[PDB]
Amino acid sequence: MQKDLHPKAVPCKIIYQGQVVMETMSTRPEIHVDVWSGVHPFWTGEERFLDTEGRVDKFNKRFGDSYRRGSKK
RNA sequence: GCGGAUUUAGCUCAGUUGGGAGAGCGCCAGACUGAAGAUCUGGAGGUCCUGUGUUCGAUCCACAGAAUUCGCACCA
RNA sequence: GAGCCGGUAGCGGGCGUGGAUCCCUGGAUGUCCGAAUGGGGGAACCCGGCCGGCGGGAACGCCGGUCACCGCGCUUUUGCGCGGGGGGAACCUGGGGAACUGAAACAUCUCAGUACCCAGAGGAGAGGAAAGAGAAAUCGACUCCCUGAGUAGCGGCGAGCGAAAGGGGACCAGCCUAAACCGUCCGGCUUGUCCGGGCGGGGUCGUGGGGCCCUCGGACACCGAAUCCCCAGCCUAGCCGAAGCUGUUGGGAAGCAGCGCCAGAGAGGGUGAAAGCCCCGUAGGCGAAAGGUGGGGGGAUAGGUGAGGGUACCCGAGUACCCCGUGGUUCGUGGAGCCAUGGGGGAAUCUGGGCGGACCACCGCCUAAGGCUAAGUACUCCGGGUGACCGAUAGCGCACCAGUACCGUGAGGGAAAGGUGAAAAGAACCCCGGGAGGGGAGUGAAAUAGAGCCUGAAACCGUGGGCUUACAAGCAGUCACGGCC
RNA sequence: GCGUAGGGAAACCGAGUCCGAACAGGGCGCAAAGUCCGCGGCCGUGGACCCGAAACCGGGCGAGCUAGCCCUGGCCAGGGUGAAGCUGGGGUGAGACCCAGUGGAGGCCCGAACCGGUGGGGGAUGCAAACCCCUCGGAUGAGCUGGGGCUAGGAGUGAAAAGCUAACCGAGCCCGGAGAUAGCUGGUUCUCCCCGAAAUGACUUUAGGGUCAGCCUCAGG
RNA sequence: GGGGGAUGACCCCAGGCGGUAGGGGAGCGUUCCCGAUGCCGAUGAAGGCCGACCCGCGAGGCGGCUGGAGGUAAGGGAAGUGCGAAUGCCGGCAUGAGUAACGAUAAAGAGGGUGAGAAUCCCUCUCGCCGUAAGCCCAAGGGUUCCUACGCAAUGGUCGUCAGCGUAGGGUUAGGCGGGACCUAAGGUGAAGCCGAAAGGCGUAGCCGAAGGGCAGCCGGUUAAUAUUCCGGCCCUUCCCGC
RNA sequence: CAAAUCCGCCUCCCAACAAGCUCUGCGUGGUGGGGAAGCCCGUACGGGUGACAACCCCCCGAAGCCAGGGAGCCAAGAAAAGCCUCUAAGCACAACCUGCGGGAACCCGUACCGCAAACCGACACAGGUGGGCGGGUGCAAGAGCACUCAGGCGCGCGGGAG
RNA sequence: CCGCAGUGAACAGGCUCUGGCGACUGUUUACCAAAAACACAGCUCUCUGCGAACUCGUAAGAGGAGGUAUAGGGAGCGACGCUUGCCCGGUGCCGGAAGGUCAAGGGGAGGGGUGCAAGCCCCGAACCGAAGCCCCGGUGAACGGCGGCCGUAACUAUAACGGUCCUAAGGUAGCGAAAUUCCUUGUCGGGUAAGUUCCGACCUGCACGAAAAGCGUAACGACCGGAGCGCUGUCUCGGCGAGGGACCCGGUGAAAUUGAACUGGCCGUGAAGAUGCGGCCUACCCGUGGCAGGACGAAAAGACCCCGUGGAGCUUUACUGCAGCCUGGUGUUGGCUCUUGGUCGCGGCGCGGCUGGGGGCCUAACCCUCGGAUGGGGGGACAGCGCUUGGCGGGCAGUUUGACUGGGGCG
RNA sequence: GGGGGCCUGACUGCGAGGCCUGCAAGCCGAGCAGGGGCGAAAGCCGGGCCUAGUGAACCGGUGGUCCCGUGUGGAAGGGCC
């Protein structure tokens, strides 16, 4: 576990898949894709209880970063 | 067939003040030539896509069609 | 309760009712590997500090004990004292997660959220007091069984997939904390009124909590534990335990005959061939302990909450809600919601804020954005019970020097093979022979029951006999007539 | 929960109803009434009459096979050919440049071990799942090699034919999906009674399948 | 089908009856559960072995021989049920067949000896084949296979008194040889550090890692086997205490 | 070359066949062997063990012995014990070098096979498997060749016709 | 001096004449094929300025390379010599980006539902808006392609010339019946007793050709083909022999296939190639050493075939989709200034809110940087990187690509 | 079949009862009602002289309904034409 936020999780899942609409606005739709991928934020440098730096991403990051709910800066 | 682009001389096209129908050609003719060509002169060139309407007056403004063209829409 | 030094029957020697073998439970040793963890490493091996005797050190110096890995709290000081990790057939939730095949192709779909891998909890986890369900102003935890229903419904509307409230049933069951309001302080900024963290207030079940003013009011309300012995159940052995003998065919009787008894225990099994009464430590039925684990149930522990109005009000979360992109749901892009979220905007603290399936008015429900919660269902490694369940090519493949022999470098595969008898009384001795094996004697009911020695069939190889066979065709053969036996 | 009416997309009506504005038809009324169970011939889901393949998909398993690549040693008996050079001499200014000596390179030649394996011979239930015989190429080099290791099996490696990857890789092998599907193929058991078939027609990514008909059989009228 | 059936059965005649897929009816044995007011057997359960009574039949009964202990159901129920037959599975057993093979055309033969028995063993004497091997040696691999006394049942593609076969006993000793108690490259690990959905990936220093580096001896003797270790003669090294 | 005396770099003097320190010959201390014996003894599974031995000269001469050589060349040839410099630091009448004398020295490996019936090929299978001189005579040379030295063996089925 | 012989035995090239391809030593398909196949030294286009570009990788990271344009990767040929010509209409690509188009998106006319009403949800469109594609050009050691017929001196035949229709031009130099030439054993020549192989020459080249080079080329090859001398049982039949099985002895003692069988020829037959069925003719019972014909002999449920709306591998303008790559808006991506466009309001200009484009050092993220420390340095709002957009996209993944068919196909 | 007169039934609601037929289709048709046109009227008209000018059901558009409308008031949306 080394790709999340610290101040909460947000990684994983992701069942994408494209098609060729054309519905309600007349006739019916169609299907295709069948893949799976990722989806997340980014991480910055901080620190806690003797150095540590942290990581976690935006959102959250905007938070605790501002504040700090287990270790500040 | 969903939308946009337009509609003037034989061809290709300008045309915005709502009042002159215009240009180029090209085409025809005259001049010149031994002739034709090139140049100069000149002339013609008409369903301003059709109809109806608005207006003192319509290529121009308003109302359908049409046609051409480009893109798009496609599970009867 | 009186025999034993395990399966070894054999030699050689020995303990024992001034309670041996063994059955129990709690012990002390537990060499080396293995999470290994002192250090290294091709496991089961080889290497280091501290203490240690001091030890042969015959007039000369060693094993033993020990000890210490690393991630976890945090009495922080120089950090001293607690937990973890490795397993584990099956079953559990999360994390991740697929083709075949059906659709008589195949891209949607299906198999499925299945198979597998991963992590991790437990003895059970899962889940669990509702921003729930639905609409009779009706219901209320979660779970599980039946039912709802193969219905409402999803869909190249094709193959298929296929809910739920309500009713019946098992069980019942409820609680907390931030939740800055109050006061306590401790530490900061730097003295005020800021954030901070330990103490209580409250610490919300179905709307309340505080803070103020007057009524208060002045003892039976135990949970998931906490506790005491209680029946602590079991834990292996606990032990009594009804009642026949003669005669007899028998190698053997418990059979055939005669009389005789039992009895809540004629369950079966062992007994030389079929017993209620011979053995059975069985069902009859009562029995039983000083240690290891419960409910029931008794008590205090009891932890713990438990009434009245009023007031302008401040107090369960960082993201609800909305846009796009996926999930789960019966919903496969759909008129398509709720809950869950990948990115971006980023509200309110009770006339607040989601909800009852686009939305809107009105009505009705609920009060989130933290947490704990035994019991009712699942699963057999283990122990027992029972069988219209099997008998050695069936059953687990493996009924007992098998997951071993054996092929595979490996992962892995993975067999075959049980039976004499009543018990050995298991064949002393004599014979041919190098022996094995064969001839007698002896056990004996029988050894053509004789040592892989019960039954021991066929196929197939022999030894004798009857008939038959040399100018003759067809697997076969079957009908006629003849001779030998 | 099936029967107790049903008719209709529905509202809803109802022994009547839907189309409709018309007494013209469709569904039904007319009770004939089941229902549970048992035992059977069948039909769907099922691995489901029984074994049969090539393949796809998951997790492991291997370079003591072989192709490579890294590290580190060992190894090539003899002989032959004779370039750079350096020494000396050679007509010119020095030289180019010539010659003679020395000299000893080259994936160089002739050949053992060693590496190979065309060209013929044997062998074909061999000595052997590639070997024996005669013969041949390479023979200080993109040389042969031991020991230590690295990569890996939809991916590796490959002086590259789809080769080699533990003796058949056109995508390894074991366990798992799983007893995959399998109009095709076989296989498909004791007696006896009764009757007695088709090998056409219609539509099919259907033609050596199968739907519906046609020809069989049993129960009642 | 029909004429009367008492339950059978009997009579007429009509009237056929060859039949695979396949349709309907009726019966047979197979191992089990009843013991529907059921039990046989040591003078044989059952299976086996053999047969000129009962049935259309698939089976019955019954009698003779075998063999050591069971099980039968007069009737209804249940099912892992009837087999040549699947190049089927498993086991045995015949074929070809007393022919094909003895694993290199580097050959033997003779005398004696032992033994129950020797072309195939032991001694001995001729003879043939090596000789770059069919040499001793170090390794790697395999692990008692090595020696000695007994023995041959099977393995030895024949024998076999022989064995690298059986049982028993015994054999291999090192301050200086090799491995460690020293060193690192590849590579592998790997506190810190760096990134994964989880398992994990990488990876500094340090460590693991070898016939590469390094390190202190040699020749003779001595048993059935060992030997640079055992003998002895000769040559050394590191640590420690003392001065 | 993170810190000074080390080595690296510049300057002046001794800048040799000088002196330095690590392998072969003599040898030789002194030991062994030593074959042909060999009286006791197997005079034979012969040899275990006692004469004396002799122990000498010339000849050939390495593809890796001194040695980290020298010469040439290009594709231009691995990292940690020892030796000297020293901080921390303690010795500095007790730290390291040396000398003599006494004391200490482990863990696990060896048999025999080993161009192989004992190793891989399932078998006593004319298949493969890495290093060391490989004895001589002859052939221009040479681990090629023919015979043989030491040592090994006759293939593990023998006769008999042709 | 001697014998037939004097490396006496033993180990030890046959040579030559010619042609074709590839230069050459090589390397490779272990158990058929060592070759004209790859490899190459050598050439040419060519992507790339680093933190490269491409290859593995889920993000780290390694590789690259402690390389740095005399370099690193992509490539078609493959000494050397001589020489590589003609066409960019389509295609890939490089450049262009003014114009059309067009996604998400901004951004408002307007309509709609409920609404007593403020409101409260959608549909929404004029215009601005990305790569891509369309359109202009450049592009050949980039893919690829590089004309047809009629007439004419030609006493006879293209041709020196001429006439044309289409195309982007319309084969050039060298070569030629080559291993690209089926009419063909083409026609001439040489080689021979004749020669459909060769080798030379013509050349109407069924279909060579310069870059998967083209003509040739010393040496070079276990390559392939053509010829001459030498020599031998290869052959004119061979005929003899030596050693090894086979045969007789003793010892041992398998193996696939097979329903079963005492299995004769005939001529006929049957499902049309019979020992077994019909007629007939020869016909005693068994064996061993042999010889192959028949028993449709053995091996293996044909690989050639078709059929199952079976399977598996490679291919492109097959279908779809993903990996990666380009790409608009959005985010942790902060300041300062220079500016033009739209718009509605009050061709215009003045203003105004609105909002769009863009140019700048900075710079506090971010990243990188390092160069000896945490500071400096460089870049910097990038970008990495997250989310949605769109696009290319056979690199890969999964399916598919009918029936008839008097054999499958083509038709 | 050739002209001219007005006229459109080139109809809705239906159709007794048959052809061909495994399926679905395909095809015919008096007569009944509402409402016309042509004729004085008896009658003919529900396109053509015919037999070819073709297509399932779903996947959707649209003009009509005012049948459903997922708490009731409605609308998205759906059923029927």
# chains A, B, ... in the order shown; residues from 1 in each chain; ligands from 1
>>> interface_residues(of="chain E", to="chain A", cutoff="12 Å", atoms="only C-alpha atoms (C1' of nucleotides)", output="count of residues only")
7
>>> residues_around(residues="residue E:178", least_positions_apart="5", cutoff="12 Å", atoms="only C-alpha atoms (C1' of nucleotides)", output="PyMOL selection string")
(chain E and resi 138-139+211+228) or (chain F and resi 108-110)
>>> closest_atom_pairs(of="chain H", to="chain A", cutoff="8 Å", atoms="only C-alpha atoms (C1' of nucleotides)", output="JSON lines")
{"residue": "H:59", "atom": "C1'", "partner": "A:28", "partner_atom": "CA", "distance": 6.4}
{"residue": "H:60", "atom": "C1'", "partner": "A:27", "partner_atom": "CA", "distance": 3.9}
{"residue": "H:61", "atom": "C1'", "partner": "A:26", "partner_atom": "CA", "distance": 7.3}
>>> interface_residues(of="chain A", to="chain G", cutoff="12 Å", atoms="only C-alpha atoms (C1' of nucleotides)", output="ChimeraX atom specification")
/A:2-3,10-12,16-20,24-25,30-45,55-63,65
>>> write_last_selection(atoms="N, CA, C and O atoms", output="short mmCIF file (atom, residue, chain, number, x, y, z; two decimals), in the first residue's frame")
data_model
loop_
_atom_site.label_atom_id
_atom_site.label_comp_id
_atom_site.auth_asym_id
_atom_site.auth_seq_id
_atom_site.Cartn_x
_atom_site.Cartn_y
_atom_site.Cartn_z
N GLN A 2 1.16 1.76 -1.20
CA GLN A 2 2.06 2.89 -1.37
C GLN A 2 1.73 3.65 -2.65
O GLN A 2 2.59 3.86 -3.51
N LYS A 3 0.48 4.06 -2.79
CA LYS A 3 0.03 4.74 -4.00
C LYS A 3 -1.31 5.37 -3.73
O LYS A 3 -2.09 5.61 -4.65
N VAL A 10 -8.59 6.31 -2.60
CA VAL A 10 -9.29 6.74 -3.81
C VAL A 10 -8.83 5.97 -5.05
O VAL A 10 -9.24 6.27 -6.17
N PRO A 11 -7.98 4.96 -4.85
CA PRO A 11 -7.38 4.30 -6.00
C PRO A 11 -8.25 3.17 -6.49
O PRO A 11 -9.05 2.63 -5.74
N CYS A 12 -8.09 2.83 -7.76
CA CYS A 12 -8.56 1.55 -8.27
C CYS A 12 -9.98 1.53 -8.82
O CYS A 12 -10.65 2.56 -8.89
N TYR A 16 -14.23 1.27 -17.79
CA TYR A 16 -14.55 2.10 -18.95
C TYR A 16 -15.20 1.28 -20.06
O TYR A 16 -15.52 0.10 -19.87
N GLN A 17 -15.41 1.91 -21.21
CA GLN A 17 -15.95 1.22 -22.38
C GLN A 17 -16.77 2.14 -23.28
O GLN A 17 -17.80 2.67 -22.86
N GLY A 18 -16.31 2.32 -24.51
CA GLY A 18 -16.97 3.19 -25.48
C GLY A 18 -17.91 2.46 -26.42
O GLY A 18 -17.87 1.23 -26.51
N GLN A 19 -18.74 3.21 -27.12
CA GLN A 19 -19.75 2.63 -28.00
C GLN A 19 -20.09 3.57 -29.15
O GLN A 19 -19.23 4.32 -29.62
N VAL A 20 -21.34 3.52 -29.60
CA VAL A 20 -21.83 4.45 -30.61
C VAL A 20 -23.29 4.80 -30.35
O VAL A 20 -24.20 4.23 -30.96
N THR A 24 -32.42 7.98 -27.59
CA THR A 24 -33.54 8.86 -27.30
C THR A 24 -33.74 9.87 -28.43
O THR A 24 -34.86 10.05 -28.91
N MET A 25 -32.66 10.53 -28.85
CA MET A 25 -32.73 11.45 -29.99
C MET A 25 -32.94 10.65 -31.26
O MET A 25 -32.35 10.94 -32.30
N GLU A 30 -25.79 1.06 -28.88
CA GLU A 30 -24.96 -0.09 -29.20
C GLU A 30 -23.88 -0.24 -28.14
O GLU A 30 -23.79 0.59 -27.23
N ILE A 31 -23.07 -1.28 -28.25
CA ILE A 31 -22.07 -1.56 -27.22
C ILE A 31 -20.69 -1.92 -27.79
O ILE A 31 -20.52 -2.02 -29.01
N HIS A 32 -19.71 -2.12 -26.92
CA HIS A 32 -18.35 -2.46 -27.36
C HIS A 32 -17.31 -2.65 -26.26
O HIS A 32 -17.37 -3.61 -25.50
N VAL A 33 -16.35 -1.73 -26.19
CA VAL A 33 -15.26 -1.82 -25.22
C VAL A 33 -15.55 -2.84 -24.13
O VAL A 33 -16.69 -3.25 -23.92
N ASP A 34 -14.50 -3.26 -23.42
CA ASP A 34 -14.66 -4.15 -22.28
C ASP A 34 -13.39 -4.14 -21.45
O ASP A 34 -12.89 -5.20 -21.07
N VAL A 35 -12.88 -2.95 -21.17
CA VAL A 35 -11.60 -2.84 -20.49
C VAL A 35 -11.73 -2.36 -19.05
O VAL A 35 -12.84 -2.14 -18.55
N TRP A 36 -10.59 -2.21 -18.41
CA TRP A 36 -10.53 -1.80 -17.02
C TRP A 36 -9.22 -1.05 -16.81
O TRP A 36 -8.18 -1.45 -17.33
N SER A 37 -9.27 0.05 -16.07
CA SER A 37 -8.10 0.90 -15.90
C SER A 37 -8.05 1.55 -14.53
O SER A 37 -8.78 1.16 -13.62
N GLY A 38 -7.18 2.55 -14.39
CA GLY A 38 -7.00 3.26 -13.13
C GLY A 38 -7.73 4.60 -13.09
O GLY A 38 -8.61 4.86 -13.91
N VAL A 39 -7.36 5.45 -12.14
CA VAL A 39 -8.06 6.72 -11.93
C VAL A 39 -7.80 7.28 -10.54
O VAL A 39 -8.26 6.72 -9.54
N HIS A 40 -7.08 8.41 -10.47
CA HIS A 40 -6.69 9.00 -9.19
C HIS A 40 -6.36 10.49 -9.28
O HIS A 40 -6.72 11.17 -10.24
N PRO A 41 -5.37 11.10 -8.19
CA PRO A 41 -4.90 12.46 -8.03
C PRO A 41 -3.38 12.58 -8.17
O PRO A 41 -2.81 12.15 -9.17
N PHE A 42 -2.75 13.15 -7.15
CA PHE A 42 -1.31 13.44 -7.16
C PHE A 42 -0.82 13.66 -5.73
O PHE A 42 -1.63 13.79 -4.80
N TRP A 43 0.50 13.71 -5.53
CA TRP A 43 1.08 13.81 -4.17
C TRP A 43 2.16 14.89 -3.97
O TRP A 43 3.01 15.10 -4.83
N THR A 44 2.12 15.55 -2.80
CA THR A 44 3.12 16.56 -2.44
C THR A 44 3.88 16.20 -1.16
O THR A 44 3.56 15.22 -0.49
N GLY A 45 4.87 17.02 -0.83
CA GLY A 45 5.75 16.76 0.30
C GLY A 45 5.38 17.51 1.56
O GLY A 45 5.06 18.69 1.53
N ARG A 55 2.67 12.40 1.38
CA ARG A 55 2.40 12.15 -0.03
C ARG A 55 0.97 12.52 -0.42
O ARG A 55 0.72 13.60 -0.96
N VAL A 56 0.04 11.62 -0.14
CA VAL A 56 -1.36 11.79 -0.53
C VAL A 56 -1.53 12.92 -1.55
O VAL A 56 -0.62 13.72 -1.77
N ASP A 57 -2.72 12.99 -2.15
CA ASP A 57 -2.95 13.83 -3.32
C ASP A 57 -3.77 15.09 -3.08
O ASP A 57 -4.11 15.44 -1.95
N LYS A 58 -4.08 15.75 -4.19
CA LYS A 58 -4.89 16.95 -4.19
C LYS A 58 -5.99 16.82 -3.15
O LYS A 58 -5.73 16.44 -2.02
N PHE A 59 -7.21 17.14 -3.55
CA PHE A 59 -8.29 17.08 -2.61
C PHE A 59 -7.54 16.83 -1.33
O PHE A 59 -6.39 17.26 -1.19
N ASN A 60 -8.15 16.11 -0.41
CA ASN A 60 -7.47 15.73 0.81
C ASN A 60 -6.24 16.61 1.03
O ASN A 60 -6.10 17.25 2.07
N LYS A 61 -5.36 16.63 0.04
CA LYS A 61 -4.10 17.37 0.13
C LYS A 61 -4.35 18.83 0.49
O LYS A 61 -3.74 19.38 1.40
N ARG A 62 -5.27 19.44 -0.25
CA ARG A 62 -5.74 20.78 0.03
C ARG A 62 -6.14 20.90 1.50
O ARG A 62 -5.95 21.95 2.13
N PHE A 63 -6.69 19.82 2.04
CA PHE A 63 -7.12 19.72 3.44
C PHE A 63 -5.93 19.55 4.37
O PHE A 63 -4.97 20.33 4.33
N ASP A 65 -3.27 19.13 4.70
CA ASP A 65 -2.17 20.00 4.34
C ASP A 65 -2.38 21.36 4.99
O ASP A 65 -1.62 21.76 5.88
#
>>> residues_around(residues="residue F:136", least_positions_apart="6", cutoff="12 Å", atoms="only C-alpha atoms (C1' of nucleotides)", output="list in words")
residues 131 of chain E; 147, 148, 149 and 150 of chain F
>>> interface_residues(of="chain C", to="chain A", cutoff="12 Å", atoms="only C-alpha atoms (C1' of nucleotides)", output="PyMOL selection string")
chain C and resi 95-97+107-109+119+156+195+318-319+325-327+332-335+341-346
>>> residues_around(residues="residue E:232", least_positions_apart="5", cutoff="12 Å", atoms="only C-alpha atoms (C1' of nucleotides)", output="number ranges by chain")
E: 219-222; F: 31-32
>>> write_last_selection(atoms="N, CA, C and O atoms (P, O5', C5', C4', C3', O3' and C1' of nucleotides)", output="PDB file, in the first residue's frame")
ATOM      1  P     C E 219      57.294 -35.952  -2.322  1.00  0.00           P
ATOM      2  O5'   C E 219      58.275 -37.099  -1.796  1.00  0.00           O
ATOM      3  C5'   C E 219      59.599 -37.231  -2.311  1.00  0.00           C
ATOM      4  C4'   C E 219      60.410 -38.141  -1.410  1.00  0.00           C
ATOM      5  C3'   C E 219      59.921 -39.579  -1.368  1.00  0.00           C
ATOM      6  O3'   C E 219      60.475 -40.313  -2.455  1.00  0.00           O
ATOM      7  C1'   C E 219      60.402 -38.799   0.833  1.00  0.00           C
ATOM      8  P     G E 220      59.886 -41.751  -2.847  1.00  0.00           P
ATOM      9  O5'   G E 220      60.688 -42.736  -1.866  1.00  0.00           O
ATOM     10  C5'   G E 220      60.116 -43.970  -1.460  1.00  0.00           C
ATOM     11  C4'   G E 220      60.678 -44.438  -0.134  1.00  0.00           C
ATOM     12  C3'   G E 220      59.807 -45.459   0.568  1.00  0.00           C
ATOM     13  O3'   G E 220      59.961 -46.749   0.012  1.00  0.00           O
ATOM     14  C1'   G E 220      60.523 -43.867   2.127  1.00  0.00           C
ATOM     15  P     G E 221      58.714 -47.749   0.044  1.00  0.00           P
ATOM     16  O5'   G E 221      58.617 -48.183   1.584  1.00  0.00           O
ATOM     17  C5'   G E 221      59.654 -48.927   2.229  1.00  0.00           C
ATOM     18  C4'   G E 221      59.374 -49.062   3.716  1.00  0.00           C
ATOM     19  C3'   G E 221      58.117 -49.853   4.052  1.00  0.00           C
ATOM     20  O3'   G E 221      58.415 -51.248   4.157  1.00  0.00           O
ATOM     21  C1'   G E 221      58.150 -47.794   5.286  1.00  0.00           C
ATOM     22  P     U E 222      57.360 -52.367   3.694  1.00  0.00           P
ATOM     23  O5'   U E 222      56.143 -52.166   4.716  1.00  0.00           O
ATOM     24  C5'   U E 222      56.208 -52.684   6.046  1.00  0.00           C
ATOM     25  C4'   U E 222      55.115 -52.129   6.944  1.00  0.00           C
ATOM     26  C3'   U E 222      53.672 -52.379   6.504  1.00  0.00           C
ATOM     27  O3'   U E 222      53.196 -53.700   6.842  1.00  0.00           O
ATOM     28  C1'   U E 222      53.931 -50.109   7.090  1.00  0.00           C
TER      29        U E 222
ATOM     30  P     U F  31      72.860 -41.752   8.864  1.00  0.00           P
ATOM     31  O5'   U F  31      71.397 -41.745   8.217  1.00  0.00           O
ATOM     32  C5'   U F  31      70.242 -41.674   9.049  1.00  0.00           C
ATOM     33  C4'   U F  31      68.981 -41.410   8.247  1.00  0.00           C
ATOM     34  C3'   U F  31      68.491 -42.555   7.385  1.00  0.00           C
ATOM     35  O3'   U F  31      67.985 -43.646   8.114  1.00  0.00           O
ATOM     36  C1'   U F  31      68.257 -40.623   6.163  1.00  0.00           C
ATOM     37  P     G F  32      68.331 -45.101   7.543  1.00  0.00           P
ATOM     38  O5'   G F  32      67.473 -45.201   6.194  1.00  0.00           O
ATOM     39  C5'   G F  32      66.055 -45.338   6.245  1.00  0.00           C
ATOM     40  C4'   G F  32      65.414 -44.884   4.946  1.00  0.00           C
ATOM     41  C3'   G F  32      65.386 -45.919   3.830  1.00  0.00           C
ATOM     42  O3'   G F  32      64.343 -46.886   4.025  1.00  0.00           O
ATOM     43  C1'   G F  32      65.886 -43.733   2.984  1.00  0.00           C
TER      44        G F  32
END
>>> residues_around(residues="stretch 138-155 of chain G", least_positions_apart="3", cutoff="9 Å", atoms="only C-alpha atoms (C1' of nucleotides)", output="PDB file with C-alpha atoms (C1' of nucleotides), in the first residue's frame")
ATOM      1  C1'   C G  43      27.321   1.237 -49.225  1.00  0.00           C
ATOM      2  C1'   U G  44      22.669   4.622 -49.003  1.00  0.00           C
ATOM      3  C1'   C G  45      18.374   6.891 -47.004  1.00  0.00           C
ATOM      4  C1'   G G  76      17.046  -2.425 -48.068  1.00  0.00           C
ATOM      5  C1'   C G  77      21.966  -4.353 -50.413  1.00  0.00           C
ATOM      6  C1'   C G  86      12.231   7.779 -66.338  1.00  0.00           C
ATOM      7  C1'   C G  87       7.597   9.161 -63.569  1.00  0.00           C
ATOM      8  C1'   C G  88       5.022  12.004 -56.869  1.00  0.00           C
ATOM      9  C1'   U G  91       0.090   5.733 -51.079  1.00  0.00           C
ATOM     10  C1'   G G  92       3.341   6.314 -46.724  1.00  0.00           C
ATOM     11  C1'   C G  93       5.731  10.502 -45.247  1.00  0.00           C
ATOM     12  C1'   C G  94       7.945  15.824 -44.504  1.00  0.00           C
ATOM     13  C1'   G G  95       6.235  20.737 -44.649  1.00  0.00           C
ATOM     14  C1'   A G 159      13.167   0.493 -88.931  1.00  0.00           C
ATOM     15  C1'   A G 160      15.628   7.166 -90.527  1.00  0.00           C
ATOM     16  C1'   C G 161      10.896   9.625 -90.518  1.00  0.00           C
ATOM     17  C1'   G G 162       5.512  10.109 -89.843  1.00  0.00           C
ATOM     18  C1'   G G 163       0.370   9.632 -87.921  1.00  0.00           C
ATOM     19  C1'   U G 164      -2.278   9.430 -83.456  1.00  0.00           C
ATOM     20  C1'   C G 165      -5.971   7.736 -78.864  1.00  0.00           C
ATOM     21  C1'   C G 166      -5.553   7.296 -73.681  1.00  0.00           C
ATOM     22  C1'   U G 167      -1.829   7.631 -69.300  1.00  0.00           C
ATOM     23  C1'   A G 169       5.364   9.392 -67.024  1.00  0.00           C
ATOM     24  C1'   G G 170       4.962   5.204 -71.122  1.00  0.00           C
ATOM     25  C1'   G G 171      12.633   1.431 -70.350  1.00  0.00           C
ATOM     26  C1'   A G 211      18.825  -1.036 -55.383  1.00  0.00           C
ATOM     27  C1'   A G 213      20.663  -3.451 -57.115  1.00  0.00           C
TER      28        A G 213
END
>>> select_by_dssp(residues="chain A", states="helix (DSSP H, G or I)", output="list in words")
residues 59, 60, 61, 62, 63, 64 and 65 of chain A
>>> atom_distance(atom1="atom CA of residue A:49", atom2="atom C1' of residue C:85")
25.3 Å
>>> residues_around(residues="stretch 20-34 of chain C", least_positions_apart="5", cutoff="7 Å", atoms="only C-alpha atoms (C1' of nucleotides)", output="MDAnalysis selection string")
chainID C and resid 3:4 15 43:44 236:237 291
>>> atom_distance(atom1="atom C1' of residue G:283", atom2="atom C1' of residue C:471")
7.9 Å
>>> residues_around(residues="residue F:104", least_positions_apart="2", cutoff="12 Å", atoms="only C-alpha atoms (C1' of nucleotides)", output="list in words")
residues 60 and 61 of chain C; 175, 238, 239, 240 and 241 of chain E; 102 and 106 of chain F
